[PDB]
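Quick notes on the structure that follows.
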Amino acid sequence: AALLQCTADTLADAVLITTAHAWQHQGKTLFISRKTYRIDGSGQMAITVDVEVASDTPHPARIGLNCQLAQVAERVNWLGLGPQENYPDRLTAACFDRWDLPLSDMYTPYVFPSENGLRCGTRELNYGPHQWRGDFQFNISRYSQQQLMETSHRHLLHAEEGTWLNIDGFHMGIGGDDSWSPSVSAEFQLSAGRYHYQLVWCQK
Amino acid sequence: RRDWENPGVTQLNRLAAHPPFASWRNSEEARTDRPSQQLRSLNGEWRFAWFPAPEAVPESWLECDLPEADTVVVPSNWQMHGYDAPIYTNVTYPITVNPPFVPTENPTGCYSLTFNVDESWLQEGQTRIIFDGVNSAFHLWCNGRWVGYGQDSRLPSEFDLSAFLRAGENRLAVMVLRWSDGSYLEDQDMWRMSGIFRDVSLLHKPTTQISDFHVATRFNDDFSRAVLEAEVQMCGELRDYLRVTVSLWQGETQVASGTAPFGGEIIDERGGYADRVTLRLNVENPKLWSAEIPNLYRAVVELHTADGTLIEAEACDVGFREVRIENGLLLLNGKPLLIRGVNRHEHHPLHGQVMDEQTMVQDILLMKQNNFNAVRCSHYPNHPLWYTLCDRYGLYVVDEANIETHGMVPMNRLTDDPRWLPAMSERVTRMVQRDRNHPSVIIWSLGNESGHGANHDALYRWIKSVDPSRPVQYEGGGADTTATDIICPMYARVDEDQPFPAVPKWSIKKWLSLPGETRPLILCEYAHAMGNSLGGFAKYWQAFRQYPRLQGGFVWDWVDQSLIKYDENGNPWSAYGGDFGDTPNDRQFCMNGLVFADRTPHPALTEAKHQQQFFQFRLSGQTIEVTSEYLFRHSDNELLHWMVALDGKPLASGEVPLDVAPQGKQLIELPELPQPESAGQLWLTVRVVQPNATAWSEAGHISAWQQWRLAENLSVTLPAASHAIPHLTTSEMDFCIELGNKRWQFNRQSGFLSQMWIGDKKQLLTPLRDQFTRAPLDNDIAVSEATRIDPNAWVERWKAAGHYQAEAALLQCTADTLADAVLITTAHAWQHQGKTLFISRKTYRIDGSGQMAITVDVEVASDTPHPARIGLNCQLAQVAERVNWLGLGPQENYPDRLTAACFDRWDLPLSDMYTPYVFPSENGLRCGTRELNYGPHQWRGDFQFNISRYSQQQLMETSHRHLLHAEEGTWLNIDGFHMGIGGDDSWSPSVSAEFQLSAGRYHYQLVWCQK
Ligand SMILES: CC(C)S[C@@H]1O[C@H](CO)[C@H](O)[C@H](O)[C@H]1O
Ligand SMILES: [Mg+2]
Ligand SMILES: [Mg+2]
Ligand SMILES: [Mg+2]
Ligand SMILES: [Mg+2]
Ligand SMILES: [Mg+2]
Ligand code: NA
Ligand code: NA
Ligand code: NA
Ligand code: NA
Ligand code: NA
């Protein structure tokens, strides 16, 4: 990430932070992310994200945010598709409802670890004292993506401190027509060029 | 007798049907297709009188011209001259359905002509009269004596006048009935007119003459050898000294010839045809005919005495081609066709159903220029010159019998009735008899929308027996009945099934594989081009290219059937159904063309040209792969032009000749290019240009194109700090922002941008407000009527939900002062009777450079019908001469109809940004636009827009283009999102799901600035 802009403004009942960043590689701009964070008297933090993805870069795996929360909580409660793991091209069986599971059920122990446990079509997510509202896809677990990608076998994974939360505005399909060639259908690739998503993070 | 109310009497004294004759008496004139002294035209000024019924015609008319008659031009349709009204009805008959009777008030047209006959014509031989087209039935008298009668408005009726004429002056009297029993078989979707609307001629033939001739061409396995076989029949004095010589010419060279006496092979216990002879000519390495290379030979048929006297000669152009269906594919000269077709009615806005050479040529040129290779004679045999022109210019033809009984209930009531077999047989048999020697004709059709009756089965078999060289098709009764060799549905969708009981229209892809099915599938009609339509056209072409057995289709249709009317002032205007007092009527349903009645294209034409391209392209790296879809020719008149531009600015370009064999591939490696560090998207556009003119196009004609995005360099460079900060002033009713010479005013009661000044000049006539509706397209209205609401049509669903009348409720309107800008925030709710349909949340950020950034986020209730658009609109005070944009163009393009458009910088006169569809609706949109410039304004983002002098409300409220009036200023519609236009059909919802705005939440953003 390269910073382009970072400003702060006060409005009548809130403070507005505005940022812009570019992600580059070998001098090429891959992605540009523009955001606004508006924090109001109610304590709700409204996050707006507008991303540009260069047309000539391979369509990305996801367009989201992530962070490592300091806390660990017993349950995960959401209003979205579930209860089990579901992805864009594999979510027909999931149902829109209010689901509540222990944190570990939000992690899928595939023998060869990878991105896993996403839930799509979520409008509200509750974890510890935190609540996130919007229309997004998310995964939450004790393992960073970095770990999952560096680890060959599930038995060798170790819970990190805290909880890693990935909240996505958009996520690529998983494919599977075959597993020895590109198998994600065009309609599930993030090829729109410009994406927008918005979330509200507030306290419970 | 009322022979016009008796399907058992379709003619009286009519001569047998046959292929075009001219009775040349010199073989070289026949070879050259020069005029024949023995074939005269009686076209010109005739005498005419109109009567309300046949009972009103006075007997004196048989012997004398009526003083009150008018002199009129023939051929013509009398409605075109104003004698009575033409009627526009689609399915329902124009007369009460009570076969075989017709109304007793039945417009009768009394035509007459005094003409000359030279004595020589009467000293020997036979003199006949030929009426190429009389609608719908007629009695003929010559010199006051009754000659005969004929029915079938679309084929020639011939009568021998030998015994009725005299040297010098003679007078014809033709009593034409508008309605007859033949009308029950002429219910095609078109204007219902009448008269002597095709040519009238007089032909002299010798007493011993060629009465028919059939030419066939058969080949060996690889088409390197052929045998032309010509069966010739004579009438007259049969004698042993007679012979027939058939000679075959390629230009001035005689390639083959055969001579034989009459007397065919023994056929049965009683012998053979002593009045027939079959000549067989071997032809080595024949030049084959196709729509791609219409190679033709000339066959001259000489009837002569053995010792050398030519009696008469007949002739035809011959195209060596084989048509056959094998293994489920329609093959032409052994290769599978891909039909880029169109249905074409014979229509002229001034002349009605009278066709002329110019018009026909004009149409074939445009068809070819637009990548069509085939035409369906919807729905009757055409004027004879049509076939000659398709044979010479090269178009594949589906010749269709003049049989349509759509309005019956059920549709096969007459076609399944043995009593109507005779009438139907004539329509099929006479067509085959006349048109069987034209190579352009590749498929015979039994007629249209007449259900499926046993009469169809019988006639299907008759053709199969008499002419095994062409497949027979017929759509009625479900498009895959036992009366068709080809599955030929109308408006079947690509992926979507429409399972109507008894006659379902399956997805074409699914249809091919139903249990036991094996036939090829070619839609006889698809892509209903009514108004702003052709949405989803590319979906059909992708399917056709992907599945071998999907062999194309015929678009509906070529030309709008509008008619010219004149206003008080005498200015012409385009009329449709009901415009002549005609009722019941089907309004605008008569206009479904790719082109306007004067041949001006509608925007959809470029979409068809593009999807129908003959060259396909793939890009890998800087290697372009060109694939030819031609089956027979090499790309010998083609060059590849390539150009790279950055956001519309040319950076490089070149040309490469194309050398690709039919079905072949050519790899083209592009040069090291521009790697610009400057911001923007690089775009590659390639075009195939024909350097040399052809019979159908001018030098430089563009036949195909394609575009691809190449490298993109996203701008990361920051705007230069401004030495200014807009000032805000507030009152209870407004928020006013000032910056330099600029000012913005926002109304606090409505929540909208009410005015803007540049300098001190007001810029808006109406505020900028959200818009979620469109002036409905023909496809949105479909078959809805005020008198008969269709609740499933889009327009009706939007109406019912209140979209057109919902009112914006202000939920919030705030102003904030930033470090370097003023920020206005608003939110509105659109509601209708208790229900919140849409919520619009926006921010307007006006900074120190004078730019206004607008962000819009809309929510759409999931249970309201998906809206036509999600955008803003306003009436600008200025009117500027040009419109310049960076986006898709240059022509009108919509989400489901934009493949043909190319992204570039376009600049057109304002008026070009409006599409004058006869029936007004939402029109002129251009999609995928990044920057729009109009006068002093500039708008940037990623949107679709239209701009014109006509409001959506005005377009929605006016039924005819000629009644529209430019409003003050210019109306601009800038959409974040716009619904597809549809058109798979125009009488049901046809917009594909992926083109409906059903996302629930929508985001768009624009920046409005100056210059
Ligand atoms: C309106 C449908 C029930 S019939 C539909 O009408 C169209 C009108 O342009 C064309 O005539 C089509 O051939 C016909 O199938
Ligand atoms: Mg009759
Ligand atoms: Mg000779
Ligand atoms: Mg003589
Ligand atoms: Mg019809
Ligand atoms: Mg009507
Ligand atoms: Na891994
Ligand atoms: Na095909
Ligand atoms: Na029509
Ligand atoms: Na060439
Ligand atoms: Na209208």
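Letters for chains follow the order of the structure tokens (A, B, ...), residue numbers begin at 1 for each chain, and ligand numbers begin at 1 in the order shown.
Distance criterion 6 Å to chain A, applied with only C-alpha atoms, yields residues 711, 712, 816 and 818 of chain B on chain B.
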Tell me, as number ranges by chain, which residues lie within 9 Å of region 63-74 of chain A, counting only C-alpha atoms; anything in the same chain fewer than 2 positions away does not count. A: 49, 51, 60-61, 76, 101-104, 127-128, 136-138, 142, 144, 161-172, 190, 195, 197
Those residues with C-alpha atoms, as a compact mmCIF listing (two decimals), in the first residue's frame please?
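So again38.txt came out as:
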```
# COMPACT_ATOMS: atom_id res chain seq x y z
CA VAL A 49 -14.85 1.71 0.11
CA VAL A 51 -11.80 0.26 -5.35
CA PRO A 60 -8.32 -10.59 -7.80
CA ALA A 61 -9.34 -13.29 -5.32
CA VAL A 76 -20.04 -15.81 16.25
CA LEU A 101 -22.07 -20.91 16.26
CA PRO A 102 -19.00 -21.38 18.40
CA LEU A 103 -15.92 -19.76 16.77
CA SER A 104 -14.31 -22.99 15.82
CA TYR A 127 -18.33 -10.90 17.66
CA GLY A 128 -17.53 -9.99 21.25
CA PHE A 136 -20.73 -8.49 2.74
CA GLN A 137 -19.00 -11.84 2.89
CA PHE A 138 -16.83 -12.72 5.87
CA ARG A 142 -7.58 -17.88 14.78
CA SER A 144 -4.20 -15.49 9.37
CA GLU A 161 -3.20 -14.32 19.27
CA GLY A 162 -6.61 -12.77 18.87
CA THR A 163 -8.97 -13.34 15.96
CA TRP A 164 -8.35 -12.68 12.26
CA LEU A 165 -11.42 -11.20 10.53
CA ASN A 166 -11.73 -10.88 6.82
CA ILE A 167 -14.66 -8.87 5.67
CA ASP A 168 -15.23 -8.79 1.99
CA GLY A 169 -17.30 -6.55 -0.25
CA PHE A 170 -16.69 -9.20 -3.00
CA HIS A 171 -15.02 -12.60 -3.23
CA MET A 172 -14.11 -14.75 -6.19
CA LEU A 190 -14.11 -9.97 -10.04
CA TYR A 195 -16.26 -1.93 -6.87
CA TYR A 197 -19.00 -1.59 -0.63
```
Sorted by chain and rising residue number, list the residues of chain B at most 6 Å from ligand 5 (counting only C-alpha atoms and all ligand atoms), each with its closest atom pair and distance in Å to one decimal, as a Markdown table.
```
| residue | atom | partner | partner_atom_place_in_ligand_line | distance |
| --- | --- | --- | --- | --- |
| B:91 | CA | ligand 5 | 1 (Mg) | 5.4 |
| B:188 | CA | ligand 5 | 1 (Mg) | 4.9 |
| B:189 | CA | ligand 5 | 1 (Mg) | 4.8 |
| B:406 | CA | ligand 5 | 1 (Mg) | 5.2 |
| B:449 | CA | ligand 5 | 1 (Mg) | 5.6 |
```
Members of region 490-605 of chain B assigned alpha helix (DSSP H) by DSSP, as a ChimeraX atom specification: /B:508-512,537-546,604-605
Once you have the residues from the selection above, write them out as an mmCIF file, in the first residue's frame, restricted to C-alpha atoms.
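After the write, part-v6.cif holds the following:
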```cif
data_model
loop_
_atom_site.group_PDB
_atom_site.id
_atom_site.type_symbol
_atom_site.label_atom_id
_atom_site.label_comp_id
_atom_site.auth_asym_id
_atom_site.auth_seq_id
_atom_site.Cartn_x
_atom_site.Cartn_y
_atom_site.Cartn_z
ATOM 1 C CA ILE B 508 -33.012 -23.583 -29.236
ATOM 2 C CA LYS B 509 -30.082 -25.344 -27.613
ATOM 3 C CA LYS B 510 -32.342 -27.752 -25.773
ATOM 4 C CA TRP B 511 -34.625 -28.272 -28.776
ATOM 5 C CA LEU B 512 -31.897 -29.811 -30.872
ATOM 6 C CA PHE B 537 -28.906 -10.299 -30.287
ATOM 7 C CA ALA B 538 -25.368 -11.395 -29.522
ATOM 8 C CA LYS B 539 -26.631 -14.195 -27.316
ATOM 9 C CA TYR B 540 -28.128 -15.793 -30.427
ATOM 10 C CA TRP B 541 -24.914 -15.467 -32.453
ATOM 11 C CA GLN B 542 -22.721 -16.958 -29.694
ATOM 12 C CA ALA B 543 -25.052 -19.970 -29.681
ATOM 13 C CA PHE B 544 -25.148 -20.301 -33.406
ATOM 14 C CA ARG B 545 -21.345 -20.357 -33.570
ATOM 15 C CA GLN B 546 -21.028 -22.757 -30.756
ATOM 16 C CA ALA B 604 -30.003 -1.995 -34.435
ATOM 17 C CA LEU B 605 -28.718 -2.555 -37.941
#
```
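Between ligand 10 and the residues B:391, B:659, B:790, B:118, the shortest atom-to-atom distance, using only C-alpha atoms and all ligand atoms, involves B:659.
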Against ligand 11, which residues of chain B fall within 10 Å? For each one I want the closest pair of atoms and the distance in Å (one decimal), counting only C-alpha atoms and all ligand atoms, rows by chain and increasing residue number, as a Markdown table.
```
| residue | atom | partner | partner_atom_place_in_ligand_line | distance |
| --- | --- | --- | --- | --- |
| B:775 | CA | ligand 11 | 1 (Na) | 6.6 |
| B:776 | CA | ligand 11 | 1 (Na) | 6.9 |
| B:777 | CA | ligand 11 | 1 (Na) | 7.6 |
| B:778 | CA | ligand 11 | 1 (Na) | 8.4 |
| B:781 | CA | ligand 11 | 1 (Na) | 9.8 |
| B:917 | CA | ligand 11 | 1 (Na) | 9.5 |
| B:918 | CA | ligand 11 | 1 (Na) | 9.1 |
| B:919 | CA | ligand 11 | 1 (Na) | 5.7 |
| B:920 | CA | ligand 11 | 1 (Na) | 4.1 |
| B:921 | CA | ligand 11 | 1 (Na) | 4.8 |
| B:922 | CA | ligand 11 | 1 (Na) | 8.3 |
| B:952 | CA | ligand 11 | 1 (Na) | 9.1 |
| B:953 | CA | ligand 11 | 1 (Na) | 8.9 |
| B:954 | CA | ligand 11 | 1 (Na) | 7.8 |
| B:955 | CA | ligand 11 | 1 (Na) | 5.0 |
| B:956 | CA | ligand 11 | 1 (Na) | 4.1 |
| B:957 | CA | ligand 11 | 1 (Na) | 5.3 |
| B:958 | CA | ligand 11 | 1 (Na) | 4.8 |
| B:959 | CA | ligand 11 | 1 (Na) | 4.8 |
| B:960 | CA | ligand 11 | 1 (Na) | 7.1 |
| B:961 | CA | ligand 11 | 1 (Na) | 8.4 |
| B:964 | CA | ligand 11 | 1 (Na) | 9.8 |
```
Selected residues written out with N, CA, C and O atoms, as a PDB file, in the first residue's frame:
```
ATOM      1  N   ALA B 775     -39.450   6.522 -20.721  1.00  0.00           N
ATOM      2  CA  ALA B 775     -40.560   6.603 -21.625  1.00  0.00           C
ATOM      3  C   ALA B 775     -40.496   5.184 -22.258  1.00  0.00           C
ATOM      4  O   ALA B 775     -39.492   4.806 -22.914  1.00  0.00           O
ATOM      5  N   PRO B 776     -41.527   4.359 -22.008  1.00  0.00           N
ATOM      6  CA  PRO B 776     -41.519   2.944 -22.375  1.00  0.00           C
ATOM      7  C   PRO B 776     -41.296   2.678 -23.832  1.00  0.00           C
ATOM      8  O   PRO B 776     -41.847   3.332 -24.728  1.00  0.00           O
ATOM      9  N   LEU B 777     -40.435   1.660 -24.038  1.00  0.00           N
ATOM     10  CA  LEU B 777     -40.098   1.180 -25.402  1.00  0.00           C
ATOM     11  C   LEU B 777     -41.240   0.325 -25.951  1.00  0.00           C
ATOM     12  O   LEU B 777     -42.063  -0.162 -25.188  1.00  0.00           O
ATOM     13  N   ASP B 778     -41.275   0.106 -27.253  1.00  0.00           N
ATOM     14  CA  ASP B 778     -42.303  -0.809 -27.749  1.00  0.00           C
ATOM     15  C   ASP B 778     -42.286  -2.145 -26.957  1.00  0.00           C
ATOM     16  O   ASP B 778     -43.263  -2.780 -26.585  1.00  0.00           O
ATOM     17  N   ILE B 781     -44.029  -1.987 -23.553  1.00  0.00           N
ATOM     18  CA  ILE B 781     -45.500  -1.909 -23.673  1.00  0.00           C
ATOM     19  C   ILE B 781     -46.122  -3.278 -24.106  1.00  0.00           C
ATOM     20  O   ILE B 781     -47.175  -3.727 -23.665  1.00  0.00           O
ATOM     21  N   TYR B 917     -37.246   7.072 -33.801  1.00  0.00           N
ATOM     22  CA  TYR B 917     -38.196   5.963 -33.964  1.00  0.00           C
ATOM     23  C   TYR B 917     -39.592   6.536 -34.213  1.00  0.00           C
ATOM     24  O   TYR B 917     -40.053   7.507 -33.576  1.00  0.00           O
ATOM     25  N   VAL B 918     -40.289   5.941 -35.159  1.00  0.00           N
ATOM     26  CA  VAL B 918     -41.618   6.415 -35.485  1.00  0.00           C
ATOM     27  C   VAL B 918     -42.551   6.529 -34.290  1.00  0.00           C
ATOM     28  O   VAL B 918     -43.295   7.544 -34.133  1.00  0.00           O
ATOM     29  N   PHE B 919     -42.549   5.508 -33.465  1.00  0.00           N
ATOM     30  CA  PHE B 919     -43.330   5.554 -32.224  1.00  0.00           C
ATOM     31  C   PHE B 919     -42.318   6.011 -31.121  1.00  0.00           C
ATOM     32  O   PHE B 919     -41.372   5.286 -30.777  1.00  0.00           O
ATOM     33  N   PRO B 920     -42.448   7.209 -30.556  1.00  0.00           N
ATOM     34  CA  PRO B 920     -41.465   7.702 -29.624  1.00  0.00           C
ATOM     35  C   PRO B 920     -41.272   6.965 -28.325  1.00  0.00           C
ATOM     36  O   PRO B 920     -42.212   6.565 -27.697  1.00  0.00           O
ATOM     37  N   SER B 921     -40.026   6.836 -27.862  1.00  0.00           N
ATOM     38  CA  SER B 921     -39.785   6.207 -26.570  1.00  0.00           C
ATOM     39  C   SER B 921     -38.411   6.659 -26.084  1.00  0.00           C
ATOM     40  O   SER B 921     -37.772   7.464 -26.772  1.00  0.00           O
ATOM     41  N   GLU B 922     -37.940   6.096 -24.950  1.00  0.00           N
ATOM     42  CA  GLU B 922     -36.581   6.310 -24.490  1.00  0.00           C
ATOM     43  C   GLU B 922     -35.672   5.948 -25.671  1.00  0.00           C
ATOM     44  O   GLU B 922     -35.903   4.932 -26.351  1.00  0.00           O
ATOM     45  N   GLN B 952     -38.403  12.865 -21.225  1.00  0.00           N
ATOM     46  CA  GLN B 952     -38.934  11.522 -21.160  1.00  0.00           C
ATOM     47  C   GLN B 952     -40.458  11.636 -21.092  1.00  0.00           C
ATOM     48  O   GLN B 952     -41.205  10.899 -21.720  1.00  0.00           O
ATOM     49  N   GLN B 953     -40.991  12.614 -20.344  1.00  0.00           N
ATOM     50  CA  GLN B 953     -42.453  12.769 -20.282  1.00  0.00           C
ATOM     51  C   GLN B 953     -43.044  13.072 -21.660  1.00  0.00           C
ATOM     52  O   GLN B 953     -44.062  12.542 -22.014  1.00  0.00           O
ATOM     53  N   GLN B 954     -42.391  13.928 -22.426  1.00  0.00           N
ATOM     54  CA  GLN B 954     -42.892  14.248 -23.751  1.00  0.00           C
ATOM     55  C   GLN B 954     -42.829  13.012 -24.606  1.00  0.00           C
ATOM     56  O   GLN B 954     -43.800  12.703 -25.297  1.00  0.00           O
ATOM     57  N   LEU B 955     -41.702  12.294 -24.585  1.00  0.00           N
ATOM     58  CA  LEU B 955     -41.639  11.084 -25.403  1.00  0.00           C
ATOM     59  C   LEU B 955     -42.688  10.076 -25.007  1.00  0.00           C
ATOM     60  O   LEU B 955     -43.236   9.453 -25.861  1.00  0.00           O
ATOM     61  N   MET B 956     -42.954   9.897 -23.736  1.00  0.00           N
ATOM     62  CA  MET B 956     -43.933   8.957 -23.280  1.00  0.00           C
ATOM     63  C   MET B 956     -45.319   9.396 -23.725  1.00  0.00           C
ATOM     64  O   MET B 956     -46.220   8.606 -23.935  1.00  0.00           O
ATOM     65  N   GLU B 957     -45.558  10.688 -23.827  1.00  0.00           N
ATOM     66  CA  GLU B 957     -46.897  11.131 -24.163  1.00  0.00           C
ATOM     67  C   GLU B 957     -47.224  11.313 -25.646  1.00  0.00           C
ATOM     68  O   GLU B 957     -48.362  11.596 -25.984  1.00  0.00           O
ATOM     69  N   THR B 958     -46.292  11.191 -26.564  1.00  0.00           N
ATOM     70  CA  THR B 958     -46.572  11.448 -27.967  1.00  0.00           C
ATOM     71  C   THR B 958     -46.486  10.156 -28.724  1.00  0.00           C
ATOM     72  O   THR B 958     -45.477   9.477 -28.566  1.00  0.00           O
ATOM     73  N   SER B 959     -47.473   9.861 -29.575  1.00  0.00           N
ATOM     74  CA  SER B 959     -47.539   8.587 -30.316  1.00  0.00           C
ATOM     75  C   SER B 959     -46.795   8.563 -31.647  1.00  0.00           C
ATOM     76  O   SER B 959     -46.589   7.520 -32.220  1.00  0.00           O
ATOM     77  N   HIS B 960     -46.434   9.720 -32.173  1.00  0.00           N
ATOM     78  CA  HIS B 960     -45.782   9.785 -33.456  1.00  0.00           C
ATOM     79  C   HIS B 960     -44.697  10.810 -33.387  1.00  0.00           C
ATOM     80  O   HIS B 960     -44.895  11.950 -32.884  1.00  0.00           O
ATOM     81  N   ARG B 961     -43.585  10.423 -33.980  1.00  0.00           N
ATOM     82  CA  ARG B 961     -42.423  11.280 -33.998  1.00  0.00           C
ATOM     83  C   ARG B 961     -42.706  12.654 -34.589  1.00  0.00           C
ATOM     84  O   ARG B 961     -42.208  13.670 -34.094  1.00  0.00           O
ATOM     85  N   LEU B 964     -43.522  15.544 -32.161  1.00  0.00           N
ATOM     86  CA  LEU B 964     -42.709  15.979 -31.044  1.00  0.00           C
ATOM     87  C   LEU B 964     -42.275  17.416 -31.330  1.00  0.00           C
ATOM     88  O   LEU B 964     -42.165  17.777 -32.478  1.00  0.00           O
TER      89      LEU B 964
END
```
Counting only C-alpha atoms and all ligand atoms, which residue out of B:531, B:308, B:980, B:100 sits closest to ligand 1? B:531
List all protein, DNA and RNA residues that have an atom no more than 10 Å from any atom of ligand 10, counting only C-alpha atoms and all ligand atoms, and report them as a CSV table (one decimal) with N, CA and C atoms, in the first residue's frame.
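Listed below is the output, out-v7.csv:
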```
chain,number,residue,atom,x,y,z
B,634,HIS,N,-11.6,-17.3,-50.4
B,634,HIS,CA,-10.4,-16.9,-49.7
B,634,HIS,C,-10.6,-15.4,-49.4
B,635,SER,N,-9.8,-14.8,-48.4
B,635,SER,CA,-10.0,-13.3,-48.1
B,635,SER,C,-9.3,-12.4,-49.1
B,636,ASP,N,-9.7,-12.5,-50.4
B,636,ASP,CA,-9.0,-11.8,-51.5
B,636,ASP,C,-9.4,-10.4,-51.7
B,637,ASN,N,-10.1,-9.8,-50.7
B,637,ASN,CA,-10.5,-8.4,-50.9
B,637,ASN,C,-10.6,-7.9,-49.5
B,638,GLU,N,-9.5,-8.1,-48.7
B,638,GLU,CA,-9.5,-7.7,-47.4
B,638,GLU,C,-8.2,-7.4,-46.8
B,639,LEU,N,-8.2,-6.3,-46.0
B,639,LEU,CA,-7.0,-5.9,-45.3
B,639,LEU,C,-7.4,-5.7,-43.8
B,640,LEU,N,-6.5,-5.9,-42.9
B,640,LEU,CA,-6.7,-5.7,-41.5
B,640,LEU,C,-6.1,-4.3,-41.1
B,656,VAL,N,-2.4,-4.6,-42.4
B,656,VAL,CA,-1.8,-5.9,-42.7
B,656,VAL,C,-2.8,-6.5,-43.7
B,657,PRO,N,-2.3,-7.1,-44.8
B,657,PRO,CA,-3.3,-7.7,-45.7
B,657,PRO,C,-3.8,-9.0,-45.0
B,658,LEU,N,-5.0,-9.4,-45.2
B,658,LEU,CA,-5.5,-10.6,-44.7
B,658,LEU,C,-5.5,-11.7,-45.8
B,659,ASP,N,-4.9,-12.8,-45.5
B,659,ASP,CA,-4.8,-13.9,-46.5
B,659,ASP,C,-5.3,-15.1,-45.8
B,660,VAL,N,-6.6,-15.3,-45.6
B,660,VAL,CA,-7.0,-16.5,-44.8
B,660,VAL,C,-7.9,-17.3,-45.7
B,661,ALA,N,-7.7,-18.6,-45.7
B,661,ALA,CA,-8.5,-19.5,-46.5
B,661,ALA,C,-9.9,-19.7,-45.8
B,688,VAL,N,-11.7,-4.8,-40.6
B,688,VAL,CA,-11.4,-5.5,-41.9
B,688,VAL,C,-12.0,-4.5,-42.9
B,689,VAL,N,-11.2,-4.1,-43.8
B,689,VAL,CA,-11.6,-3.2,-44.9
B,689,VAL,C,-11.4,-3.9,-46.2
B,690,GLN,N,-12.3,-3.7,-47.1
B,690,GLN,CA,-12.3,-4.2,-48.5
B,690,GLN,C,-11.7,-3.1,-49.4
B,691,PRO,N,-10.5,-3.3,-49.8
B,691,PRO,CA,-9.9,-2.2,-50.6
B,691,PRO,C,-10.5,-2.0,-52.0
```
Just want the 7 Å neighbourhood of residue 706 (chain B), counted on only C-alpha atoms, with same-chain residues fewer than 4 positions away dropped. Output as a PyMOL selection string. chain B and resi 685-687
Show me which residues sit within 8 Å of ligand 4 when counting only C-alpha atoms and all ligand atoms, and put them as a PyMOL selection string. chain B and resi 120+123-124
